[PDB]
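Asks: Input structure: final-v1.pdb, which contains PDB, N, CA and C atoms and all ligand atoms.
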MODEL        1
ATOM      1  N   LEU O   2       0.822  -1.207   0.000  1.00  0.00           N
ATOM      2  CA  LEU O   2       0.000   0.000   0.000  1.00  0.00           C
ATOM      3  C   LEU O   2       0.861   1.264   0.000  1.00  0.00           C
ATOM      4  N   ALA O   3       1.999   1.228   0.701  1.00  0.00           N
ATOM      5  CA  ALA O   3       2.922   2.357   0.773  1.00  0.00           C
ATOM      6  C   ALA O   3       3.358   2.736  -0.676  1.00  0.00           C
ATOM      7  N   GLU O   4       3.667   1.695  -1.458  1.00  0.00           N
ATOM      8  CA  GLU O   4       4.127   1.918  -2.829  1.00  0.00           C
ATOM      9  C   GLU O   4       2.989   2.348  -3.771  1.00  0.00           C
ATOM     10  N   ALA O   5       1.801   1.769  -3.605  1.00  0.00           N
ATOM     11  CA  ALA O   5       0.637   2.226  -4.350  1.00  0.00           C
ATOM     12  C   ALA O   5       0.533   3.767  -4.236  1.00  0.00           C
ATOM     13  N   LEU O   6       0.729   4.251  -3.009  1.00  0.00           N
ATOM     14  CA  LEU O   6       0.632   5.683  -2.709  1.00  0.00           C
ATOM     15  C   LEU O   6       1.812   6.462  -3.315  1.00  0.00           C
ATOM     16  N   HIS O   7       3.036   5.928  -3.196  1.00  0.00           N
ATOM     17  CA  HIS O   7       4.196   6.540  -3.844  1.00  0.00           C
ATOM     18  C   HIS O   7       3.925   6.767  -5.335  1.00  0.00           C
ATOM     19  N   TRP O   8       3.416   5.732  -5.998  1.00  0.00           N
ATOM     20  CA  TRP O   8       3.094   5.738  -7.430  1.00  0.00           C
ATOM     21  C   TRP O   8       2.021   6.792  -7.737  1.00  0.00           C
ATOM     22  N   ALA O   9       0.920   6.729  -6.991  1.00  0.00           N
ATOM     23  CA  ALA O   9      -0.189   7.667  -7.140  1.00  0.00           C
ATOM     24  C   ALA O   9       0.278   9.125  -7.041  1.00  0.00           C
ATOM     25  N   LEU O  10       1.121   9.396  -6.043  1.00  0.00           N
ATOM     26  CA  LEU O  10       1.437  10.784  -5.687  1.00  0.00           C
ATOM     27  C   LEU O  10       2.255  11.470  -6.739  1.00  0.00           C
TER      28      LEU O  10
HETATM   29 CO    CO T 101       8.541   3.656  -2.999  1.00  0.00          CO
ENDMDL
END
Would it be possible to restate this file's structure as structure tokens?
Ligand SMILES: [Co+2]
Replies:
Amino acid sequence: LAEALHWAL
């Protein structure tokens, strides 16, 4: 989930 957010941001 941390990386999903990194990608999104
Ligand atoms: Co990352």
Asks: Please find the residues contacting ligand CO 101 (chain T) at a distance of at most 7 Å between atoms, with only N, CA and C atoms and all ligand atoms counted, and report them as a PDB file with N, CA and C atoms, keeping the file's coordinate frame.
Replies:
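Final file, pocket-v7.pdb:
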ATOM      1  N   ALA O   3       1.999   1.228   0.701  1.00  0.00           N
ATOM      2  CA  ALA O   3       2.922   2.357   0.773  1.00  0.00           C
ATOM      3  C   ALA O   3       3.358   2.736  -0.676  1.00  0.00           C
ATOM      4  N   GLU O   4       3.667   1.695  -1.458  1.00  0.00           N
ATOM      5  CA  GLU O   4       4.127   1.918  -2.829  1.00  0.00           C
ATOM      6  C   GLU O   4       2.989   2.348  -3.771  1.00  0.00           C
ATOM      7  N   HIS O   7       3.036   5.928  -3.196  1.00  0.00           N
ATOM      8  CA  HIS O   7       4.196   6.540  -3.844  1.00  0.00           C
ATOM      9  C   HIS O   7       3.925   6.767  -5.335  1.00  0.00           C
ATOM     10  N   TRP O   8       3.416   5.732  -5.998  1.00  0.00           N
ATOM     11  CA  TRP O   8       3.094   5.738  -7.430  1.00  0.00           C
ATOM     12  C   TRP O   8       2.021   6.792  -7.737  1.00  0.00           C
TER      13      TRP O   8
END
Asks: Around all the atoms of chain O listed in the file, draw an axis-aligned box and extend it by 6 Å on each of the six sides; I want its centre and edge lengths in Å to one decimal, as JSON.
Replies:
{"center_x": 2.0, "center_y": 5.1, "center_z": -3.5, "size_x": 16.4, "size_y": 24.7, "size_z": 20.5}
Asks: Taking the chain letters and numbering used in this document, name the residues of chain O that DSSP puts in helix (DSSP H, G or I), as a ChimeraX atom specification.
Replies: /O:3-9
Asks: Please, can chain O be completed to N, CA, C and O atoms and returned as a short mmCIF file (atom, residue, chain, number, x, y, z; two decimals), in the coordinates of the input?
Replies:
data_model
loop_
_atom_site.label_atom_id
_atom_site.label_comp_id
_atom_site.auth_asym_id
_atom_site.auth_seq_id
_atom_site.Cartn_x
_atom_site.Cartn_y
_atom_site.Cartn_z
N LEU O 2 0.82 -1.21 0.00
CA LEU O 2 0.00 0.00 0.00
C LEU O 2 0.86 1.26 0.00
O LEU O 2 0.51 2.26 -0.65
N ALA O 3 2.00 1.23 0.70
CA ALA O 3 2.92 2.36 0.77
C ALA O 3 3.36 2.74 -0.68
O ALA O 3 3.43 3.90 -1.08
N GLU O 4 3.67 1.70 -1.46
CA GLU O 4 4.13 1.92 -2.83
C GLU O 4 2.99 2.35 -3.77
O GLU O 4 3.22 3.20 -4.65
N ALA O 5 1.80 1.77 -3.60
CA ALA O 5 0.64 2.23 -4.35
C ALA O 5 0.53 3.77 -4.24
O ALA O 5 0.28 4.50 -5.19
N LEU O 6 0.73 4.25 -3.01
CA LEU O 6 0.63 5.68 -2.71
C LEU O 6 1.81 6.46 -3.32
O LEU O 6 1.62 7.54 -3.88
N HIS O 7 3.04 5.93 -3.20
CA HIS O 7 4.20 6.54 -3.84
C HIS O 7 3.92 6.77 -5.34
O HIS O 7 4.17 7.85 -5.88
N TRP O 8 3.42 5.73 -6.00
CA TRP O 8 3.09 5.74 -7.43
C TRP O 8 2.02 6.79 -7.74
O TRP O 8 2.19 7.62 -8.64
N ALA O 9 0.92 6.73 -6.99
CA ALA O 9 -0.19 7.67 -7.14
C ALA O 9 0.28 9.12 -7.04
O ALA O 9 -0.17 10.02 -7.76
N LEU O 10 1.12 9.40 -6.04
CA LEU O 10 1.44 10.78 -5.69
C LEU O 10 2.26 11.47 -6.74
O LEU O 10 2.27 12.69 -6.81
#
